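Accompanying notes for the structure given below.
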2 protein chains.
Amino acid sequence: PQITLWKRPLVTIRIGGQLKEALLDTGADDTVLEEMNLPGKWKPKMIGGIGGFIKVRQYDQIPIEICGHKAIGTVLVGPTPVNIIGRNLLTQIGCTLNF
Amino acid sequence: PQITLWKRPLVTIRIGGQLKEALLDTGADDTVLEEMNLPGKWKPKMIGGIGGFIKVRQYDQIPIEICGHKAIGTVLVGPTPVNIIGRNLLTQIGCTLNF
Ligand SMILES: CC[C@H](C)CN(C[C@@H](O)[C@H](Cc1ccccc1)NC(=O)O[C@H]1CO[C@H]2OCC[C@H]21)S(=O)(=O)c1ccc2c(c1)OCO2
């Protein structure tokens, strides 16, 4: 597909067995999802943005489907205001910026 | 160009006659640049990111050339971790996401 940027590039993703709306975010190195009680082992991490840092839980090798395209990789879970699909998964679903 | 996302999508911009490196950030509504001087009136504004809210200076109708493509629009100056080009200017240069 082609997604214009007149509005926030929000798409439907599936992780665990929840459907969520998430931003396709070229400015995000990593994928950061809103607080959810995901099973499995995790490691603590801090990530920084506008305003400062938040504490997140890093889970590895988590399958996520992004608009019907399969991906699997690291997801960070924490008190973000929005679900963010970062470059780690965007490359996996074949996503490019074009102008 | 077509820009893949295995690396951060950093580009050279020209603003106020100066060259800077900035991040094409589809997850950003607004364009936010690190502390710098720009001419003309600005107004105090606050914006929120992943880590909380910051104070910025809002400059309106500012020319910026992004990777050779002209935009003229709102630029926010403040304590962002990195220069970010957001959707207000990405739309002007005809940037879309494609997968
Ligand atoms: C360091 C470069 C960016 C500022 C990083 N941010 C991704 C942004 O796309 C972020 C994504 C975002 C979007 C909404 C809320 C919070 C975060 N947008 C953002 O802060 O935009 C602000 C400017 O425009 C405004 O519109 C949206 C918020 C404002 S981030 O969310 O803090 C972020 C995401 C994944 C990360 C990360 C930081 O560090 C490692 O992995």
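The way I read the labels, and the way they are meant: chains A, B, ... in the order of the structure tokens, residue 1 as the first residue of every chain, and ligand 1 as the first ligand shown, with later ones counted on from there.
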Give the superposed chain B as a PDB file with C-alpha atoms, in the first residue's frame, the fit being least squares on chain A over all ordered C-alpha pairs.
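Listed below is the output, superposed_11.pdb:
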```pdb
ATOM      1  CA  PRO B   1      -0.013  -0.327   0.215  1.00  0.00           C
ATOM      2  CA  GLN B   2       1.062   3.259  -0.410  1.00  0.00           C
ATOM      3  CA  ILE B   3       0.225   5.412   2.621  1.00  0.00           C
ATOM      4  CA  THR B   4       0.034   9.205   2.406  1.00  0.00           C
ATOM      5  CA  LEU B   5       0.632  11.435   5.393  1.00  0.00           C
ATOM      6  CA  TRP B   6      -2.178  13.988   5.564  1.00  0.00           C
ATOM      7  CA  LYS B   7      -3.483  11.706   8.364  1.00  0.00           C
ATOM      8  CA  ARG B   8      -1.470   9.817  11.013  1.00  0.00           C
ATOM      9  CA  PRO B   9      -0.384   6.462   9.514  1.00  0.00           C
ATOM     10  CA  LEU B  10      -2.309   4.288  11.981  1.00  0.00           C
ATOM     11  CA  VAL B  11      -2.775   0.592  11.275  1.00  0.00           C
ATOM     12  CA  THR B  12      -4.236  -2.447  12.954  1.00  0.00           C
ATOM     13  CA  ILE B  13      -1.718  -4.909  14.360  1.00  0.00           C
ATOM     14  CA  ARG B  14      -2.247  -8.411  15.808  1.00  0.00           C
ATOM     15  CA  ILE B  15      -0.001  -9.334  18.776  1.00  0.00           C
ATOM     16  CA  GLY B  16      -0.452 -12.050  21.397  1.00  0.00           C
ATOM     17  CA  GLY B  17      -3.753 -12.826  19.652  1.00  0.00           C
ATOM     18  CA  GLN B  18      -5.153  -9.326  20.250  1.00  0.00           C
ATOM     19  CA  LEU B  19      -5.910  -6.492  17.811  1.00  0.00           C
ATOM     20  CA  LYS B  20      -4.486  -3.028  18.496  1.00  0.00           C
ATOM     21  CA  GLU B  21      -4.038   0.223  16.600  1.00  0.00           C
ATOM     22  CA  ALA B  22      -0.430   1.397  16.193  1.00  0.00           C
ATOM     23  CA  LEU B  23       1.427   4.218  14.524  1.00  0.00           C
ATOM     24  CA  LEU B  24       3.965   3.577  11.764  1.00  0.00           C
ATOM     25  CA  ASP B  25       6.774   5.731  13.065  1.00  0.00           C
ATOM     26  CA  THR B  26       9.889   6.078  10.939  1.00  0.00           C
ATOM     27  CA  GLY B  27      11.432   8.360  13.610  1.00  0.00           C
ATOM     28  CA  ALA B  28      11.415   5.493  16.122  1.00  0.00           C
ATOM     29  CA  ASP B  29      14.377   3.057  16.182  1.00  0.00           C
ATOM     30  CA  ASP B  30      12.310   0.707  18.336  1.00  0.00           C
ATOM     31  CA  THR B  31       8.752  -0.595  18.621  1.00  0.00           C
ATOM     32  CA  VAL B  32       7.070   0.574  21.828  1.00  0.00           C
ATOM     33  CA  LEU B  33       3.613  -0.527  22.930  1.00  0.00           C
ATOM     34  CA  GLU B  34       1.417   0.707  25.767  1.00  0.00           C
ATOM     35  CA  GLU B  35       1.147  -1.395  28.935  1.00  0.00           C
ATOM     36  CA  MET B  36      -0.037  -4.912  28.167  1.00  0.00           C
ATOM     37  CA  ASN B  37       0.687  -8.510  29.087  1.00  0.00           C
ATOM     38  CA  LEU B  38       2.879 -10.588  26.785  1.00  0.00           C
ATOM     39  CA  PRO B  39       4.106 -14.144  27.478  1.00  0.00           C
ATOM     40  CA  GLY B  40       7.695 -15.247  28.134  1.00  0.00           C
ATOM     41  CA  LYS B  41      10.784 -13.639  29.594  1.00  0.00           C
ATOM     42  CA  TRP B  42      11.372  -9.918  29.401  1.00  0.00           C
ATOM     43  CA  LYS B  43      14.184  -7.716  30.590  1.00  0.00           C
ATOM     44  CA  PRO B  44      14.282  -4.221  32.143  1.00  0.00           C
ATOM     45  CA  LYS B  45      15.475  -1.563  29.702  1.00  0.00           C
ATOM     46  CA  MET B  46      15.416   2.211  29.448  1.00  0.00           C
ATOM     47  CA  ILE B  47      14.757   4.269  26.341  1.00  0.00           C
ATOM     48  CA  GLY B  48      14.825   7.973  25.544  1.00  0.00           C
ATOM     49  CA  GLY B  49      12.354  10.041  23.535  1.00  0.00           C
ATOM     50  CA  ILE B  50      11.696  13.718  23.005  1.00  0.00           C
ATOM     51  CA  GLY B  51      10.676  14.264  26.628  1.00  0.00           C
ATOM     52  CA  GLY B  52      13.237  12.173  28.518  1.00  0.00           C
ATOM     53  CA  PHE B  53      13.765   8.566  29.462  1.00  0.00           C
ATOM     54  CA  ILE B  54      11.315   5.888  30.489  1.00  0.00           C
ATOM     55  CA  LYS B  55      11.526   2.353  31.840  1.00  0.00           C
ATOM     56  CA  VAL B  56      10.292  -0.403  29.521  1.00  0.00           C
ATOM     57  CA  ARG B  57      10.064  -4.184  29.428  1.00  0.00           C
ATOM     58  CA  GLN B  58      11.930  -5.710  26.500  1.00  0.00           C
ATOM     59  CA  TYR B  59      10.375  -8.763  24.886  1.00  0.00           C
ATOM     60  CA  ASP B  60      12.476 -10.413  22.207  1.00  0.00           C
ATOM     61  CA  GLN B  61      11.437 -12.398  19.158  1.00  0.00           C
ATOM     62  CA  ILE B  62       7.704 -11.574  19.381  1.00  0.00           C
ATOM     63  CA  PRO B  63       5.436 -12.208  16.357  1.00  0.00           C
ATOM     64  CA  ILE B  64       3.323  -9.231  15.258  1.00  0.00           C
ATOM     65  CA  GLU B  65       1.242  -8.934  12.116  1.00  0.00           C
ATOM     66  CA  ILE B  66       1.151  -5.353  10.878  1.00  0.00           C
ATOM     67  CA  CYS B  67      -1.534  -4.546   8.351  1.00  0.00           C
ATOM     68  CA  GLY B  68      -1.356  -8.174   7.124  1.00  0.00           C
ATOM     69  CA  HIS B  69       2.444  -8.402   6.995  1.00  0.00           C
ATOM     70  CA  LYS B  70       4.328 -10.652   9.408  1.00  0.00           C
ATOM     71  CA  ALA B  71       7.178  -9.540  11.639  1.00  0.00           C
ATOM     72  CA  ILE B  72       8.925 -11.265  14.538  1.00  0.00           C
ATOM     73  CA  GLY B  73      11.121  -9.054  16.648  1.00  0.00           C
ATOM     74  CA  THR B  74      11.775  -6.976  19.733  1.00  0.00           C
ATOM     75  CA  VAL B  75       8.828  -5.233  21.356  1.00  0.00           C
ATOM     76  CA  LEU B  76       9.182  -2.719  24.210  1.00  0.00           C
ATOM     77  CA  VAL B  77       6.267  -2.293  26.619  1.00  0.00           C
ATOM     78  CA  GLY B  78       5.959   0.836  28.695  1.00  0.00           C
ATOM     79  CA  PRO B  79       4.516   4.356  29.080  1.00  0.00           C
ATOM     80  CA  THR B  80       4.650   5.579  25.469  1.00  0.00           C
ATOM     81  CA  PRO B  81       1.895   8.110  24.539  1.00  0.00           C
ATOM     82  CA  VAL B  82       0.726   5.823  21.734  1.00  0.00           C
ATOM     83  CA  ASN B  83       1.605   2.401  20.303  1.00  0.00           C
ATOM     84  CA  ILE B  84       4.447   2.930  17.833  1.00  0.00           C
ATOM     85  CA  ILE B  85       5.906   0.599  15.225  1.00  0.00           C
ATOM     86  CA  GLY B  86       9.564   1.516  14.785  1.00  0.00           C
ATOM     87  CA  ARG B  87      12.233   0.729  12.234  1.00  0.00           C
ATOM     88  CA  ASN B  88      13.154  -2.661  13.712  1.00  0.00           C
ATOM     89  CA  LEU B  89       9.784  -3.988  12.487  1.00  0.00           C
ATOM     90  CA  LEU B  90       9.158  -1.588   9.574  1.00  0.00           C
ATOM     91  CA  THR B  91      12.241  -3.044   7.898  1.00  0.00           C
ATOM     92  CA  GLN B  92      10.834  -6.584   8.359  1.00  0.00           C
ATOM     93  CA  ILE B  93       7.624  -5.690   6.505  1.00  0.00           C
ATOM     94  CA  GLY B  94       9.589  -4.014   3.678  1.00  0.00           C
ATOM     95  CA  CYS B  95       8.489  -0.469   4.467  1.00  0.00           C
ATOM     96  CA  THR B  96      10.302   2.414   2.738  1.00  0.00           C
ATOM     97  CA  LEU B  97       9.854   6.179   2.468  1.00  0.00           C
ATOM     98  CA  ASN B  98       9.320   7.482  -1.055  1.00  0.00           C
ATOM     99  CA  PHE B  99       9.080  10.967  -2.536  1.00  0.00           C
TER     100      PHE B  99
END
```
Q: Determine which residues of chain A DSSP labels as strand (DSSP E or B) from the backbone of this structure, then write them out as a VMD selection string.
A: chain A and resid 2 to 3 10 to 15 18 to 24 32 to 33 43 to 49 52 to 66 69 to 77 83 to 85 96 to 98
Q | Backbone DSSP call of helix (DSSP H, G or I) for chain B, listed as a ChimeraX atom specification | A | /B:87-90
Residue subset to file, keeping C-alpha atoms, as a CSV table (one decimal), in the first residue's frame:
```
chain,number,residue,atom,x,y,z
B,87,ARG,CA,4.4,15.2,9.0
B,88,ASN,CA,3.7,19.0,8.6
B,89,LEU,CA,6.8,19.2,6.3
B,90,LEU,CA,6.9,15.6,5.1
```
